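Notes to accompany the following structure.
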Amino acid sequence: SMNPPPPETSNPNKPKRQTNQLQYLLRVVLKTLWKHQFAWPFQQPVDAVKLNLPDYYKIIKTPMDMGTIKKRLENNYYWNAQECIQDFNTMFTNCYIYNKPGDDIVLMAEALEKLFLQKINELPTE
Amino acid sequence: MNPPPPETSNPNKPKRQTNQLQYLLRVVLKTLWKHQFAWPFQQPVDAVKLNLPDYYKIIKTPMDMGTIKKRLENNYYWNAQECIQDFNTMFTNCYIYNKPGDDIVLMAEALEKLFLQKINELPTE
C-alpha cells in the first residue's frame with residue numbers, strides 16, 4: 001500500500017548534452033502541458049496512500065509524472081529526445097492502464113496526449 | 001455546493017416543432033456533442049468535485065450541452081434564438097471563468113467556431 005520512491009532524476013554516471021530538441025521539450029512541451037487546466041493529476045507522482053489507491057503500484061510498475069520529467073530535463077538525465085518522449089508516453093499509457101475507457105481522468109490524459117503530439121509535431125530538427 | 005441544474009421543462013409554455021429547432025438538435029447538438037473537445041461542456045461543471053469554490057460565484061448563468069439537449073427534447077424553446085443564446089452562454093461562461101489563451105478557452109473557441117459553421121446552415125425561419 002506504500003508508495004515507491006519517485007523515479008530517479010539525476011544520473012551522475014551518464015554524459016550530458018544540450019540540444020535544440022531537449023531545450024524545446026522543457027521550454028515548450030513540458031511548460032505547455034504543465035499549465036494546461038487538466039495537468040494537476042499528472043504533475044507529481046501518484047500518492048496512492050493519500051488518494052486511497054492500494055492497488056495503484058501493484059498495477060503500475062513504471063510510474064511517471066510531469067514533475068519527474070521536468071527534473072530529468074533540468075538535470076540532463078536524457079541524452080536522446082526520444083527518452084523524454086517515451087516518459088511522456090509512459091505517463092499517458094499508465095493512465096489508460098489503471099483506469100477504464102471513458103473515465104474523466106482518462107479523458108483528461110487523452111487531451112494532454114493530443115496536445116503533446118501537436119507540440120512534438122513541431123520538435124526542432126535533430 | 002453546486003446549484004441545481006438549469007430547468008429543462010416548462011409546463012406552462014406552449015410548444016412547437018420547427019425546421020430550425022429540429023436542426024439544432026439533430027445536427028448542431030449532435031455535431032458538437034461528438035467533438036473531441038466537448039466532454040468538459042457536456043454536463044454542468046461539478047465545482048464540488050473539482051474544488052472550484054469560486055465557479056458559481058463567478059458563473060451566475062451556468063449552461064452546458066446536456067441542458068441544451070434536454071431543453072430541445074422537451075420543447076422548452078419556442079424560438080431558435082433562445083437555443084442559440086444558450087450555446088453562446090456556454091461559450092462565454094468559459095471565457096469569463098478562465099483567462100485569454102487558457103487551453104480550456106482554446107477548446108471552447110474551437111467548439112464555438114464549429115457551432116457558428118453549423119448555424120450558418122440553419123434552415124430559414
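Starting from 1 in every chain, residues are counted up; chains themselves are A, B, ... following the order of the C-alpha cells, and ligands are numbered from 1 as listed.
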
9 Å contacts from chain A to chain B using only C-alpha atoms, as an NGL selection string: :A and (35-38 or 104 or 107 or 111)

Next, write the just-selected residues to a file, as an mmCIF file, in the first residue's frame, keeping N, CA, C and O atoms as the atom set.
```cif
data_model
loop_
_atom_site.group_PDB
_atom_site.id
_atom_site.type_symbol
_atom_site.label_atom_id
_atom_site.label_comp_id
_atom_site.auth_asym_id
_atom_site.auth_seq_id
_atom_site.Cartn_x
_atom_site.Cartn_y
_atom_site.Cartn_z
ATOM 1 N N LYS A 35 0.890 23.857 -17.687
ATOM 2 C CA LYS A 35 -0.060 24.942 -17.482
ATOM 3 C C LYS A 35 -1.460 24.637 -18.010
ATOM 4 O O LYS A 35 -2.372 25.449 -17.828
ATOM 5 N N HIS A 36 -1.650 23.503 -18.670
ATOM 6 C CA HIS A 36 -2.985 23.101 -19.094
ATOM 7 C C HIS A 36 -3.885 22.920 -17.879
ATOM 8 O O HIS A 36 -3.452 22.447 -16.826
ATOM 9 N N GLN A 37 -5.163 23.272 -18.032
ATOM 10 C CA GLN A 37 -6.083 23.117 -16.910
ATOM 11 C C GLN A 37 -6.237 21.670 -16.462
ATOM 12 O O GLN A 37 -6.625 21.442 -15.314
ATOM 13 N N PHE A 38 -5.941 20.686 -17.317
ATOM 14 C CA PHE A 38 -6.085 19.279 -16.939
ATOM 15 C C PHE A 38 -4.809 18.677 -16.353
ATOM 16 O O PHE A 38 -4.750 17.460 -16.161
ATOM 17 N N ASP A 104 -13.206 10.241 -16.443
ATOM 18 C CA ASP A 104 -12.797 11.621 -16.694
ATOM 19 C C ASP A 104 -11.281 11.779 -16.675
ATOM 20 O O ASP A 104 -10.727 12.522 -17.493
ATOM 21 N N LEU A 107 -10.095 10.902 -20.032
ATOM 22 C CA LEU A 107 -10.373 11.966 -20.993
ATOM 23 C C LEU A 107 -9.397 13.125 -20.817
ATOM 24 O O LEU A 107 -8.956 13.731 -21.801
ATOM 25 N N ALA A 111 -6.638 14.335 -23.745
ATOM 26 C CA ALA A 111 -6.495 15.706 -24.229
ATOM 27 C C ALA A 111 -5.057 16.180 -24.108
ATOM 28 O O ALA A 111 -4.538 16.844 -25.013
#
```

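Ranking B:95, B:81, B:65, B:106 by their shortest atom-to-atom distance to residue B:31, with only C-alpha atoms included, puts B:65 first.
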
Å distance separating atom CA of residue A:126 from atom CA of residue A:19, one decimal place: 8.3 Å

Distance query residue A:67 at most 12 Å, only C-alpha atoms, self and fewer than 5 positions along chain excluded, as a PyMOL selection string: chain A and resi 6-9+26+30-31+33-34+39-46+72-74+87-88+91

Suppose we keep N, CA and C atoms; can you now write the selection as a compact mmCIF listing (two decimals), in the first residue's frame?
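Result written to selection01.txt:
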```txt
# COMPACT_ATOMS: atom_id res chain seq x y z
N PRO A 6 10.17 8.01 -5.73
CA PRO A 6 9.89 8.58 -7.05
C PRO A 6 10.95 8.13 -8.04
N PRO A 7 10.70 8.27 -9.34
CA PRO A 7 11.72 7.88 -10.32
C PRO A 7 12.99 8.70 -10.14
N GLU A 8 14.11 8.08 -10.47
CA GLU A 8 15.38 8.79 -10.42
C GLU A 8 15.39 9.95 -11.41
N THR A 9 16.00 11.06 -11.00
CA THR A 9 16.03 12.24 -11.84
C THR A 9 17.43 12.74 -12.13
N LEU A 26 11.70 20.98 -22.76
CA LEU A 26 11.49 21.62 -21.46
C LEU A 26 10.74 22.94 -21.61
N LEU A 30 7.00 20.57 -21.97
CA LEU A 30 6.69 20.42 -20.55
C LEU A 30 5.95 21.65 -20.05
N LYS A 31 6.44 22.84 -20.40
CA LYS A 31 5.82 24.06 -19.91
C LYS A 31 4.36 24.15 -20.34
N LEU A 33 2.21 21.66 -21.27
CA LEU A 33 1.37 20.67 -20.60
C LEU A 33 1.20 21.02 -19.13
N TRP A 34 2.25 21.57 -18.50
CA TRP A 34 2.18 21.89 -17.08
C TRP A 34 1.07 22.89 -16.80
N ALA A 39 -3.79 19.49 -16.09
CA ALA A 39 -2.47 18.96 -15.76
C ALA A 39 -2.34 18.48 -14.32
N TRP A 40 -3.19 18.98 -13.41
CA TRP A 40 -2.95 18.77 -11.98
C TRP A 40 -2.78 17.31 -11.55
N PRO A 41 -3.55 16.34 -12.07
CA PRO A 41 -3.39 14.96 -11.61
C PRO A 41 -2.08 14.35 -12.05
N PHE A 42 -1.36 15.00 -12.97
CA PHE A 42 -0.18 14.43 -13.60
C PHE A 42 1.10 15.16 -13.23
N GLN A 43 1.04 16.14 -12.34
CA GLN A 43 2.20 16.99 -12.07
C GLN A 43 3.16 16.39 -11.05
N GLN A 44 2.76 15.38 -10.30
CA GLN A 44 3.59 14.75 -9.29
C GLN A 44 3.29 13.26 -9.29
N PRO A 45 4.16 12.44 -8.69
CA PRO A 45 3.85 11.01 -8.59
C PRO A 45 2.52 10.79 -7.89
N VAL A 46 1.79 9.78 -8.37
CA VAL A 46 0.52 9.42 -7.76
C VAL A 46 0.77 9.03 -6.30
N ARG A 72 14.13 15.59 -14.84
CA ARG A 72 15.06 14.89 -15.73
C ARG A 72 15.60 15.83 -16.81
N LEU A 73 14.74 16.67 -17.39
CA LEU A 73 15.22 17.62 -18.38
C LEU A 73 16.18 18.62 -17.74
N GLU A 74 15.81 19.18 -16.58
CA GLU A 74 16.70 20.10 -15.89
C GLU A 74 18.06 19.49 -15.56
N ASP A 87 8.97 8.91 -21.83
CA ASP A 87 8.44 9.11 -20.49
C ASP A 87 7.06 9.75 -20.53
N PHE A 88 6.85 10.70 -21.44
CA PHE A 88 5.51 11.26 -21.58
C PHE A 88 4.54 10.17 -21.98
N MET A 91 3.59 8.06 -19.09
CA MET A 91 2.63 8.70 -18.22
C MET A 91 1.21 8.58 -18.77
```

Spatial neighbours of residue B:124, 8 Å, only C-alpha atoms, chain gap at least 2 places, as an NGL selection string: :B and (19-20 or 122)

Pairwise distance for atom CA of residue A:77 and atom CA of residue A:2, rounded to one decimal in Å: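 These two atoms are separated by 26.4 Å.
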
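We find atom CA of residue A:94 and atom CA of residue A:57 to be spaced 10.7 Å apart.
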
Which of chain A fall in alpha helix (DSSP H), as a VMD selection string: chain A and resid 20 to 24 31 to 35 56 to 59 66 to 74 81 to 98 104 to 120

Now that the selection is made, can you save its residues with C-alpha atoms as a PDB file, in the first residue's frame?
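This is the output file part25.pdb:
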```
ATOM      1  CA  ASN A  20      17.621  22.152 -29.548  1.00  0.00           C
ATOM      2  CA  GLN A  21      15.224  19.228 -29.132  1.00  0.00           C
ATOM      3  CA  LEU A  22      15.847  18.833 -25.401  1.00  0.00           C
ATOM      4  CA  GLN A  23      15.566  22.592 -24.845  1.00  0.00           C
ATOM      5  CA  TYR A  24      12.236  22.587 -26.695  1.00  0.00           C
ATOM      6  CA  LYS A  31       5.816  24.058 -19.910  1.00  0.00           C
ATOM      7  CA  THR A  32       2.686  23.889 -22.100  1.00  0.00           C
ATOM      8  CA  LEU A  33       1.366  20.672 -20.597  1.00  0.00           C
ATOM      9  CA  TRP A  34       2.180  21.887 -17.076  1.00  0.00           C
ATOM     10  CA  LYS A  35      -0.060  24.942 -17.482  1.00  0.00           C
ATOM     11  CA  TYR A  56      -2.072   1.516  -7.928  1.00  0.00           C
ATOM     12  CA  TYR A  57       1.536   0.349  -7.580  1.00  0.00           C
ATOM     13  CA  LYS A  58       0.536  -3.281  -8.000  1.00  0.00           C
ATOM     14  CA  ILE A  59      -0.780  -2.361 -11.473  1.00  0.00           C
ATOM     15  CA  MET A  66       5.419  15.566 -15.264  1.00  0.00           C
ATOM     16  CA  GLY A  67       7.345  16.691 -12.191  1.00  0.00           C
ATOM     17  CA  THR A  68       9.802  13.868 -12.759  1.00  0.00           C
ATOM     18  CA  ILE A  69      10.096  14.683 -16.472  1.00  0.00           C
ATOM     19  CA  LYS A  70      10.763  18.338 -15.577  1.00  0.00           C
ATOM     20  CA  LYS A  71      13.546  17.316 -13.206  1.00  0.00           C
ATOM     21  CA  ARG A  72      15.057  14.888 -15.731  1.00  0.00           C
ATOM     22  CA  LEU A  73      15.219  17.623 -18.376  1.00  0.00           C
ATOM     23  CA  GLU A  74      16.705  20.103 -15.886  1.00  0.00           C
ATOM     24  CA  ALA A  81      14.902  13.374 -27.089  1.00  0.00           C
ATOM     25  CA  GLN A  82      13.177  10.009 -27.564  1.00  0.00           C
ATOM     26  CA  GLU A  83      13.927   9.078 -23.930  1.00  0.00           C
ATOM     27  CA  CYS A  84      11.876  12.090 -22.830  1.00  0.00           C
ATOM     28  CA  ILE A  85       9.080  11.401 -25.321  1.00  0.00           C
ATOM     29  CA  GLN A  86       8.978   7.826 -24.017  1.00  0.00           C
ATOM     30  CA  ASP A  87       8.445   9.107 -20.486  1.00  0.00           C
ATOM     31  CA  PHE A  88       5.511  11.261 -21.579  1.00  0.00           C
ATOM     32  CA  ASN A  89       4.044   8.268 -23.412  1.00  0.00           C
ATOM     33  CA  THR A  90       4.511   6.147 -20.285  1.00  0.00           C
ATOM     34  CA  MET A  91       2.628   8.704 -18.217  1.00  0.00           C
ATOM     35  CA  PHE A  92      -0.308   8.717 -20.628  1.00  0.00           C
ATOM     36  CA  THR A  93      -0.484   4.955 -21.060  1.00  0.00           C
ATOM     37  CA  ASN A  94      -0.237   4.411 -17.293  1.00  0.00           C
ATOM     38  CA  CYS A  95      -3.432   6.456 -17.002  1.00  0.00           C
ATOM     39  CA  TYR A  96      -5.160   4.307 -19.616  1.00  0.00           C
ATOM     40  CA  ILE A  97      -3.899   1.109 -17.937  1.00  0.00           C
ATOM     41  CA  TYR A  98      -5.008   1.919 -14.399  1.00  0.00           C
ATOM     42  CA  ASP A 104     -12.797  11.621 -16.694  1.00  0.00           C
ATOM     43  CA  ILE A 105      -9.129  11.170 -15.729  1.00  0.00           C
ATOM     44  CA  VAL A 106      -8.679   9.220 -18.970  1.00  0.00           C
ATOM     45  CA  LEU A 107     -10.373  11.966 -20.993  1.00  0.00           C
ATOM     46  CA  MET A 108      -8.003  14.456 -19.345  1.00  0.00           C
ATOM     47  CA  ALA A 109      -4.998  12.326 -20.236  1.00  0.00           C
ATOM     48  CA  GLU A 110      -6.230  11.933 -23.824  1.00  0.00           C
ATOM     49  CA  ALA A 111      -6.495  15.706 -24.229  1.00  0.00           C
ATOM     50  CA  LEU A 112      -2.999  16.219 -22.841  1.00  0.00           C
ATOM     51  CA  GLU A 113      -1.649  13.483 -25.122  1.00  0.00           C
ATOM     52  CA  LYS A 114      -3.220  15.089 -28.188  1.00  0.00           C
ATOM     53  CA  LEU A 115      -1.714  18.484 -27.322  1.00  0.00           C
ATOM     54  CA  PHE A 116       1.612  16.750 -26.557  1.00  0.00           C
ATOM     55  CA  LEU A 117       1.600  15.172 -30.022  1.00  0.00           C
ATOM     56  CA  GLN A 118       0.804  18.546 -31.617  1.00  0.00           C
ATOM     57  CA  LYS A 119       3.830  20.067 -29.878  1.00  0.00           C
ATOM     58  CA  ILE A 120       6.040  17.079 -30.804  1.00  0.00           C
TER      59      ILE A 120
END
```
